[PDB]
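Asker: here's my sequence, what's the structure:
(6 chains, ligands or ions: 11)
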Amino acid sequence: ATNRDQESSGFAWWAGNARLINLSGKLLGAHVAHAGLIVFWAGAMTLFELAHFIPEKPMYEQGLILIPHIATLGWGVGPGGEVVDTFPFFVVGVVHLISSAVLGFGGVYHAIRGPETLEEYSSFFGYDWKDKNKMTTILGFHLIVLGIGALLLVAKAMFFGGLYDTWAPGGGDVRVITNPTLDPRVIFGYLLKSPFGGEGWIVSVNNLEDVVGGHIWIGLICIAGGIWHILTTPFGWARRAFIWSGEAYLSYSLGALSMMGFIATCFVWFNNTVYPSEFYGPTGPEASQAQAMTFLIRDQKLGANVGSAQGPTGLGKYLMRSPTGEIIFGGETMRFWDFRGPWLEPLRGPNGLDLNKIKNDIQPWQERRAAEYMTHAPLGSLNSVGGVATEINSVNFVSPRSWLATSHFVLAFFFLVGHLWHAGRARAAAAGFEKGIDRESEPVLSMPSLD
Amino acid sequence: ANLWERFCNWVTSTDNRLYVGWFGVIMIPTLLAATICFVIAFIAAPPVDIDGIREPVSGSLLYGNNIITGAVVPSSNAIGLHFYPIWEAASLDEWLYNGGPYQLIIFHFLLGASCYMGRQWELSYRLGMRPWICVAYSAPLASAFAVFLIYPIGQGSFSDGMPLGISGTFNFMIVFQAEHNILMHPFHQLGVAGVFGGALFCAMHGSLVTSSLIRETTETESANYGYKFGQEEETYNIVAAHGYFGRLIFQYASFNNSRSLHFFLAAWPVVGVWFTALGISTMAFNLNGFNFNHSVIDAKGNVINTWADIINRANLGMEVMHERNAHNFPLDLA
Amino acid sequence: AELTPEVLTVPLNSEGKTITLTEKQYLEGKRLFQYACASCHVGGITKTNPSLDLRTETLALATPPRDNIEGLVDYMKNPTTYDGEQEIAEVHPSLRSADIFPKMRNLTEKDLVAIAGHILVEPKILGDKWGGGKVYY
Amino acid sequence: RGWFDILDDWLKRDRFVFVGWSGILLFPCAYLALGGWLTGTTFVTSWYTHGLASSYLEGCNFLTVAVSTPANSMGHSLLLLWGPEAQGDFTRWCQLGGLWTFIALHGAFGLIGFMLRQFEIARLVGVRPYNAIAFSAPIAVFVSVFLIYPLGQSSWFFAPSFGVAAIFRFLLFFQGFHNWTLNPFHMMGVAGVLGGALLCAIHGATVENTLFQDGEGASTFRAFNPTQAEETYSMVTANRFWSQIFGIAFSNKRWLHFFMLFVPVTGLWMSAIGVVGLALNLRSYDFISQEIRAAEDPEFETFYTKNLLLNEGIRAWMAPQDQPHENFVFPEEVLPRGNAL
Amino acid sequence: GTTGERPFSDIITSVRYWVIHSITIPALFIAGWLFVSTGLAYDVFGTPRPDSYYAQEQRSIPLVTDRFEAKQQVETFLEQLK
Amino acid sequence: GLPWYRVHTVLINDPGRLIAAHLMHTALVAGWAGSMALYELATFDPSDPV
Ligand code: CLA
Ligand code: CLA
Ligand code: CLA
Ligand code: CLA
Ligand code: CLA
Ligand SMILES: CC1=C(/C=C/C(C)=C/C=C/C(C)=C/C=C/C=C(C)/C=C/C=C(C)/C=C/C2=C(C)CCCC2(C)C)C(C)(C)CCC1
Ligand SMILES: CC1=C(/C=C/C(C)=C/C=C/C(C)=C/C=C/C=C(C)/C=C/C=C(C)/C=C/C2=C(C)CCCC2(C)C)C(C)(C)CCC1
Ligand SMILES: CC1=C(/C=C/C(C)=C/C=C/C(C)=C/C=C/C=C(C)/C=C/C=C(C)/C=C/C2=C(C)CCCC2(C)C)C(C)(C)CCC1
Ligand SMILES: [Cl-]
Ligand SMILES: [Cl-]
Ligand SMILES: [Fe+2]
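Answerer: Numbers count the residues shown, from 1 in each chain, chains lettered A, B, ... in the order given. Ligands and ions are numbered 1, 2, ... in the order given. Below is the structure in question.
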């Protein structure tokens, strides 16, 4: 019984993976077998979607989350978002699913057959949570891999076919990026933008050039950090500031993933550049703006002067001013006037929406987009009735942006909880009271009374 | 010991009547600001144009509310999610009309309360305690984040945040039912299970320990005087309460490990309230409650109403009446 | 009540000749009307222009009239405004505009007749609910 | 040594499920309210009493099934199976709403059975009967809501029906017709229930996080002996923590557990009282001063007026289908609606 | 302690147990199935079949409106149906 | 000391003082009925029983 029971490890079955904290080989097996399940799921799910895909329905009408990520990368898609070749989705699927078997094979190998602990068999892979030099070394290696991985996305954009660019002229098309943005005033200007309305911090990045350039910077930054940590050991202030245990390292990463899940939730909900609406359905704001456009167009066609129609409240029924003066769509949509998308910007002049362009330059393709986007707003029920809560059954639809944002909020919230759990536990384990208060030296009893 | 170190020691002193802490260094100012702004606003703020349609809603006592109807009214829908600090307005008169106090209060309050959570961790570390009380508080904290931050983010406006009033809270619940059918959402059903059962188990535990209190007083004095603060022994007979309660149902429906029993009391409502906070957070992104409207139809295709269709009729009453001047187009999409 | 041939009998043309559908077709048209039309037309209203429903009496005062299967198959090939004075295949899916409205590519003349059957049968079943909107839900 | 005492012996034997004298009330009524609910939700319609389907057999799911209340035309009839209405005809009994009374009355006696069971077992074992006392609040609620409320109204129609979506209907009805959220007795009830869940959670967490170390392992549950005199956590450290965090802290464990009984039990009692008020339409519906000013001053709006606009919309949009026996016919044009919606 | 009955852990692992319940349980299942599939539950409980909520050309529900003639009401509707 | 909610228990084994309490209670109720009727006479309008 090498731990593997409660009496030797001190952990019950329901906390059994904690029996692995100091079994580096068996722990490696569990990480790689879990890596296994992720690559597996990337594989199985892509194939499912492909087997269920009807090229003549919008992706967002079909419950696809993974195929839209491959389409965003410039494979299988043409002008407008149209699917031209499904083979690359098939490939991406199978390659992951096949790969998952080798991960699983070697994860199961290491968890069972292999040496339970790596420290005798090899001084390079073995480790000790407390070895602050060896831990930064692994960090630095993993950093390097990630800087490489970010540079792979640059390779795709600059050398290996480009990226789906929703902003592209003529309604959107795959495009080679060749002048990425490297001016760090732009790239890090995003980090300093307010996260509030009309700014949006990095969720606001709205053009592939800024995207590519920020992955050049992240990739290089990550490579220098990799090297730095491989060659450095932590400084005195960092030594005094942290907890150096397996669980603490876990709690730090759970904190980081939480933060990341929250940002992804807002990326997928607001951003229509790296989550193009052609594949993911319109954003919440985008549908709500599109409704106002729709009835601007309808009513103008009947002979309404939409710039002077005074609505019931005294505000303009179709057009009003934002608080800084821009001309924007009226009604509740007034909150969404920060919205920006390729179907609407053509009517945008310097003061906002331009009445002359509205009166004269609305093309049928914009009328169509706006009717499509309005009738696919990201509202729906949990059993996939599409519409407001009060709608009758008929439309089987929930926006992929609802699915992706809801799921990743839930996960982010729960990983913040994981962070607090393992953070405080790591603190109290290191200080020696995670199993309770010692009756013989109860600290409070040595303290002066409060009153 | 120098200036910084004497201060550091005061801040983290476990001898202060109220623990301060590094978390408290943030919590104290942000809570004070929120509490002072809230109290002045509740009594005296002038009307606020919550829906951005130039139709102010009076929320303060001096303008003809009472305790039940008054509120700090949420900021204008014209503002959407834009940040509206005092210094961004042309005059306090503009900041008041547009509902600036709601932004100031909620931001300082959410910051203040996140550090309250943190301060619970901190003091438990100085006291040599186990750390996880702050995990329990995280259920109500998230719940508050859901109504004051997340739901505004998903809908694009703090105008659809929860109002800081008794009647405003009801307004918010009603509009939510209409737009998301929250009663029909499983996560809110989990939260009802959270709080009914937390109240259920809270009576059960009180009633059961109280039942098995060991005689230590006479008939005239309060039984409470049979516990002494700090006593080593337990004041009640848990064997006896298991003996009562095992028989009331059956032997294994009943706890006999005090530790297992109290973790259950902690876990039940905290989990339930996590789920309802998550339900609010996810309906923030319009993933709504089950929709069984016209789900049952007969051989010919007439609709056979269930109780769900009856809910939907009430929902529709809420839908068409709420914010009656604010919609110019036929779908209410946020 | 049940689904009968008297209910599944609908005008084939405006001269009076009817045709009598079958369970299998009516369900096909409901399934295809979902796939193709429910996004804007759920329940017989029209979300992107509420003034224009699929009520049988509205399709009657259409020009050309539309309360029969041929009239509807024709709308779905080459749609017009209510008065007939304009073609709107540019902003209304039809076979004509199947390049810009992909869902219309894989449809066949029998599919379009399923969809019209549905539309003309459905108010026989639900009455005022069809084309009424939320008052009738 | 008579037959009464022999029967007492056997009813009070230590077995897996204690029977007692109260079992003779408890088990029959509890089993029948239960099985009646199961039977109605699985098999029985509400088509003739409500215009609704309500069973699995009709295609309802677990949220939308219900044993629905009897038609309004039945008034407050006991709806006995052998009574004037169904005349011993079981099938017509189900179609008329008999299972609603069947479950309401049997379960009301089942609850008596359970409280008497609490007294019986409290007594044989030797404990103060505080669990029985606490169960008064559930009985108070059952009675006020399922029995008293509809006796005050036109009929059992307006009681709650036993189903998940049916109860939700009840909630919204109370909002739209009684403005029950504004009622101070519901506010106290809400405070007692939310406050009890809070006390549940905070006491649970506090004890788990002031435990003493009593074993040498990381699972702390195995370090408690049901037969130990020692308190298993530190009242003293708990008290310090809360005094410094929150300003006050419990210091008396008896008081603390009485408080846990008192708070939720009292909340439920208070809400019972409000519902007995609503049996009579004795509602806290309005604030007169607000309505007087609002009537005269078009520019005066509060959250209170907004909510009555919402109540007015619930009543008009849900009544025709919810109270079908009234044959309400509302043309489109009299339906209250805001712009566009 | 133990009140005296056989431990559940011991019964559901006994073979005798499964010998008995590998019949009884499935049998009770088939009977329930048969209860609905024969259409016999519709008849016992008075639940409409999909084809008998409404008559062919009516959209009004058969609500009972009198307390004592109520059984007589319900039977009237069932015949205005054949 | 007696808790406030137990103070009337000093009459349990005191039959004379329980009568005394019970008489005071009776005096309070008759006192109330006489009081109520007078307030109602002083505000009742008899001019129109229709
Ligand atoms: C997975 C990513 C990762 C992780 C976990 C670490 C972890 C660590 N690093 Mg490395 N690092 C990384 C990537 C990473 N690094 C990369 C990519 C680079 C290249 C830039 C470096 C460069 C680097 C340097 C130069 C140093 C470290 C140090 C450290 C240690 C102390 C960390 C510390 O104090 O945190 C942060 C905590 C703080 C208290 C610092 C202030 C943080 C403020 C409050 C946040 C805002 C500042 C932010 C960095 C920049 C602006 C962001 C804003 C726009 C939003 C720790 C072992 C230190 C060390 O011990 O030396 C070996 C050190 O001096 N790292
Ligand atoms: C992602 C999920 C995950 C992963 C990867 C692991 C991995 C691991 N766990 Mg944990 N654990 C998990 C979930 C997981 N656990 C959950 C959900 C629970 C709750 C019950 C536990 C409870 C738990 C306890 C109580 C213990 C572990 C232990 C272990 C380790 C040894 C297990 C062992 O000896 O089994 C031996 C088991 C077998 C020989 C049975 C079959 C095992 C294989 C892997 C079956 C699957 C075959 C698969 C199809 C691969 C073949 C495909 C081929 C192509 C390669 C191992 C590293 C043990 C440990 O830490 O030891 C020190 C231990 O005592 N775990
Ligand atoms: C991060 C993952 C990881 C890590 C750190 C280790 C570490 C270790 N393994 Mg394990 N192993 C892994 C994954 C991992 N393994 C996987 C996935 C498999 C299945 C394919 C195995 C199967 C396995 C067996 C069967 C054995 C080991 C053994 C060993 C030890 C000997 C080192 C060795 O063979 O060097 C050799 C290293 C090289 C020859 C370098 C080339 C290796 C590949 C080709 C590098 C390619 C990198 C790639 C480009 C990165 C992208 C990957 C992916 C994203 C596509 C060492 C403790 C041995 C052991 O424990 O002895 C008893 C042993 O016999 N491993
Ligand atoms: C303790 C168990 C119990 C209790 C309290 C009830 C209570 C009730 N049942 Mg349920 N019922 C039970 C068991 C029980 N039932 C069982 C086991 C079954 C399955 C067979 C049923 C089946 C059933 C049906 C089918 C129905 C009820 C109904 C009723 C209601 C009316 C009862 C009535 O009028 O009886 C009146 C009869 C009596 C009160 C019996 C008294 C008899 C004697 C003559 C009294 C006088 C004695 C004499 C003068 C002196 C003798 C003294 C002695 C010491 C010598 C009531 C809610 C009805 C209901 O729910 O409708 C809404 C209904 O339809 N019950
Ligand atoms: C005939 C009715 C009656 C009588 C004679 C008693 C008598 C008694 N009760 Mg019981 N009791 C009753 C009804 C009655 N109770 C009812 C209806 C309830 C439920 C609400 C209770 C619940 C109850 C509890 C929980 C307890 C008692 C206790 C006691 C004893 C102490 C009472 C005391 O000191 O209060 C002193 C009271 C005060 C100093 C002030 C209380 C202020 C009250 C709440 C408001 C003022 C009332 C106001 C004048 C309106 C009058 C109402 C009238 C119109 C009905 C005493 C033997 C106590 C006991 O068991 O002692 C061992 C105890 O713990 N009673
Ligand atoms: C350790 C452990 C564990 C875990 C486990 C794991 C996690 C594993 C995984 C595993 C893995 C991760 C594996 C994998 C596998 C895979 C596979 C085996 C694959 C294969 C493939 C193929 C065969 C393919 C085919 C195809 C193609 C090619 C095309 C089309 C068709 C198809 C798709 C069919 C547990 C917890 C239980 C317990 C304890 C221990
Ligand atoms: C890619 C991209 C981009 C870019 C990006 C970048 C450039 C980034 C950056 C980022 C960054 C650069 C980040 C940062 C980070 C930081 C943080 C996150 C930190 C944290 C810290 C901590 C957590 C701390 C803590 C503490 C304290 C405070 C005290 C003492 C103790 C301790 C230490 C614990 C863009 C947008 C253009 C576009 C798209 C793409
Ligand atoms: C009414 C009546 C009666 C009686 C009756 C009875 C007594 C019945 C019973 C009944 C019963 C006795 C039934 C039962 C039922 C059952 C069922 C229906 C169940 C189901 C369940 C389930 C569905 C579950 C499942 C689950 C879930 C859902 C979740 C979690 C998991 C589990 C697995 C638990 C008589 C003859 C006197 C006559 C008069 C009338
Ligand atoms: Cl409202
Ligand atoms: Cl609008
Ligand atoms: Fe306790």
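Asker: please count neighbours and contacts with C-alpha atoms only from this point.
Answerer: Noted.
Asker: check chain E for the residue nearest ligand 3 and tell me.
Answerer: Here the residue of chain E nearest ligand 3 is residue E:13; by Cα to the nearest ligand atom that distance is 40.4 Å.
Asker: give me the phi and psi for residue A:437.
Answerer: Main-chain dihedrals, residue A:437, degrees, to the nearest 10: phi -90, psi 140.
Asker: surely it and residue D:210 touch.
Answerer: Yes. Using Cα atoms under 8 Å, residue A:437 makes contact with residue D:210 at a distance of 6.8 Å.
Asker: so between these two, which is more surrounded?
Answerer: residue D:210 (27 against 24; other Cα atoms under 10 Å in any protein chain shown).
Asker: just give the nearest non-adjacent residue to the residue of the stretch 251-400 of chain A found nearest ligand 6, would you?
Answerer: When scored by Cα to the nearest ligand atom, the stretch 251-400 of chain A has residue A:254 as its residue closest to ligand 6, at 20.2 Å. Nearest non-adjacent residue to residue A:254, counting by Cα to Cα, 6 or more residues apart in numbering or on different chains: residue A:419, 5.1 Å away.
Asker: residue contacts, the one you found?
Answerer: Applying Cα atoms under 8 Å, 6 or more residues apart in numbering or on different chains to residue A:419 gives the contacts A:250, A:251, A:252, A:253, A:254, A:255.
Asker: how about 6 Å then?
Answerer: If you count contacts by Cα atoms under 6 Å, 6 or more residues apart in numbering or on different chains, residue A:419 has them with A:251, A:254, A:255.
Asker: check contacts around residue A:27.
Answerer: residue A:20.
Asker: what does residue D:331 give?
Answerer: If a contact means Cα under 6 Å, 6+ apart, then residue D:331 has no contacts.
Asker: distance check, the residue in chain D that ligand 5 sits nearest to against residue A:424.
Answerer: Of all residues in chain D, residue D:133 sits closest to ligand 5, at 9.9 Å by Cα to the nearest ligand atom. Distance of residue D:133 to residue A:424, given as Cα to Cα, to the nearest Å: 40 Å.
Asker: next SSE after the longest helix along chain E?
Answerer: Identified as the longest helix of chain E according to DSSP state H is helix E:15-37. Helices and strands here follow DSSP states H and E; after helix E:15-37, the next one along the chain is helix E:40-45.
Asker: now the helix or strand just after that following helix, how far from the centre of its chain.
Answerer: Toward the C-terminus, helix E:40-45 is succeeded by helix E:70-79 as the next helix or strand (DSSP H and E). Its chain's C-alpha centre and that of helix E:70-79 lie 22 Å apart, by Cα atoms, centre = their mean, to the nearest Å.
Asker: enumerate the residues of the stretch 151-300 of chain D near chain B.
Answerer: Residues of the stretch 151-300 of chain D found near chain B (Cα under 6 Å from any Cα of the partner chain) are D:165-166, D:169, D:193, D:196-197, D:200-201, D:204-205, D:209-210, D:221, D:226, D:229-231, D:236, D:244, D:251, D:254-255, D:257-258, D:260-261, D:264.
Asker: among these, which lie within helices?
Answerer: Counting by DSSP H, the part of these found in helices is D:165-166, D:169, D:193, D:196-197, D:200-201, D:204-205, D:236, D:244, D:254-255, D:257-258, D:260-261, D:264.
Asker: report the buried members of these.
Answerer: Among these, the ones that count as buried by 16 or more other Cα atoms under 10 Å in any protein chain shown are D:165-166, D:169, D:193, D:196-197, D:200-201, D:204-205, D:236, D:244, D:254-255, D:257-258, D:260-261, D:264.
Asker: so how far is ligand 3 from the residue most central in space within chain A?
Answerer: Residue closest to the average C-alpha location in chain A (Cα atoms, centre = their mean): residue A:264, at 2.9 Å. For residue A:264, the distance to ligand 3 (Cα to the nearest ligand atom, to the nearest Å) stands at 23 Å.
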